[PDB]
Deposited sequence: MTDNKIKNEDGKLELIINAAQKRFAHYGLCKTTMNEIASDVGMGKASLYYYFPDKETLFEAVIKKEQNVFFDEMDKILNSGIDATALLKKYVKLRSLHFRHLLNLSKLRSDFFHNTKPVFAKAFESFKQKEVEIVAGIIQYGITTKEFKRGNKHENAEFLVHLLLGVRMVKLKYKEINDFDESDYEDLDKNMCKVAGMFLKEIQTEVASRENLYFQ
């Protein structure tokens, strides 16, 4: 019934620890206590399972966004809390993928672009609350929203190419994170009123 969920979770951990390439369907089967024969009923390809895991992770972001958003702090505190959360998401994905996932197939072509659009929308919503709450000036909520989202994406993009799957330290994330704030911080002053 929710064995799927078991298979997904198993998979998540494997990929988190070892990645996609070194990981094996015989392994994931072992983990859930099944047999490839059974696993293939749910997934007929390591890539498909990986996508499930990506999608689970994307949902976790939204769930946490919902928490922040229903926590009733101000427009600014939300925006910042978002940046942190967006940053940590990126971290999860790099830790599962370790490859050329971000730097890009047709499926992921779409999982990206939808997320990036959901994201712009979430942000437009915080801007909107700020506007009404009167913390932010109106403003094209939407233009700004995109800008912030793109600004953050650029931080992430410049930091890769820059580094490599292996050539990546723990200070490499402190960098991402610390930069994404700088940007967040500056964006806020472009609308603080």
>> What are the C-alpha gaps when you align the coordinates back onto the deposited sequence?
In response: 1-9, 113-115, 206-216
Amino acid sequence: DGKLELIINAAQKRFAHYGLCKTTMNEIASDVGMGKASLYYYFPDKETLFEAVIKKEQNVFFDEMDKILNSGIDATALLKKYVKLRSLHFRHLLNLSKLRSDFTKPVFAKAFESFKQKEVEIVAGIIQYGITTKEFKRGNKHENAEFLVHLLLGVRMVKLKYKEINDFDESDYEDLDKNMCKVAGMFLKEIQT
From here on, numbers count along this sequence of modelled residues.
> So which stretch wins on mean C-alpha B-factor, 40-48 or 61-69?
Replying inline: 61-69
> Hey, which bit's got the bigger mean C-alpha B factor in the entry, 13-21 or 181-189?
Replying inline: 181-189
>> Per the entry's values, where does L88 land by CA temperature factor relative to the rest of its chain, in the lowest, middle or highest third?
In response: middle
> By its CA B factor, does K137 count among the lowest, middle or highest third of the modelled residues in the chain?
Replying inline: middle
>> Ranking the modelled residues of this chain by C-alpha B-factor as given in the entry, is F115 in the lowest, middle or highest third?
In response: middle
